[PDB]
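Quick setup: one chain, the form deposited in one PDB entry, written in structure tokens, and binding and motion questions come after.
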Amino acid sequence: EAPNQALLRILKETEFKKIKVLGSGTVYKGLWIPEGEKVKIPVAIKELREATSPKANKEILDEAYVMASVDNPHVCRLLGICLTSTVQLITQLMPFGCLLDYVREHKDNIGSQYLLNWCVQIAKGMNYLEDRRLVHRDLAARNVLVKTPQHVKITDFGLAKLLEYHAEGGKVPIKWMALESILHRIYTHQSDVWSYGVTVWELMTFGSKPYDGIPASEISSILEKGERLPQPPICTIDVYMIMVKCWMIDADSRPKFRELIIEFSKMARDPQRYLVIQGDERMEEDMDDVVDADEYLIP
């Protein structure tokens, strides 16, 4: 194995203004102003529910380890941590929130070019995690964030593992998981391919809930019997046949992210041929030195 020469950047609490809450685990939107640099970087800041929980701190630093270890345009990178009473994670602000909330809010304005372009960008992000021997284990629309409508990134490395992997319980999302994941707590790049299939299905159904109202104890059995999620209305058989390939029992019979990139990107060249949508053709404070995390490099 190669050595992980990732830099973990420690930040002074004075270097960022929390600006607003985004969630409650609690998450703030903020500005980061690196020491005498004359730039302001919109950031997301996360800290613990209870400061002095040793179990909680092990968790967030594991998240930090992984996020420090990734540099790809379709993956969230750690900017730094702050070692206050409550440890603060600092990442790139994704202003438009999670892609699940986004498809739901904007279903009447989302066209095929966007949907297929997302499918590609997620396939690229996941393919990069695979290059880096990394297994996400919690890929879902809820865990893909929207920097712009044209640009999404994979997030929430809370469950992510460097290198099969054999786990041991914990509240885990059954409806996104490969069969071999539910049965034998096995996880691979190919089990992430399954979750990718469910993620694409989330998008193509404009955020609808998989196996809606079916309790998760049943799921194992249903999939054994041969059942899968339905063809979404907008989906040509071309797009749906791709999703179905992600839900094969033989993990190695499933497609590879590098292939999914290729297949979705061919379809993105002629989007109205692959996704049929009603009327598809139709579809900040006083801060001067602001710069997106993506243009802010340090050696």
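Sequential numbering from 1, following the sequence displayed.
Beyond what is shown, the protein has a form deposited with a partner chain bound; the following relates to that form.
In the deposited bound form, its partner chain lies within 4.5 Å of some heavy atom of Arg142.
With a 4.5 Å cutoff on heavy atoms, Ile174 counts as touching its partner chain in the deposited bound form.
In the deposited bound form, its partner chain lies within 4.5 Å of some heavy atom of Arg185.
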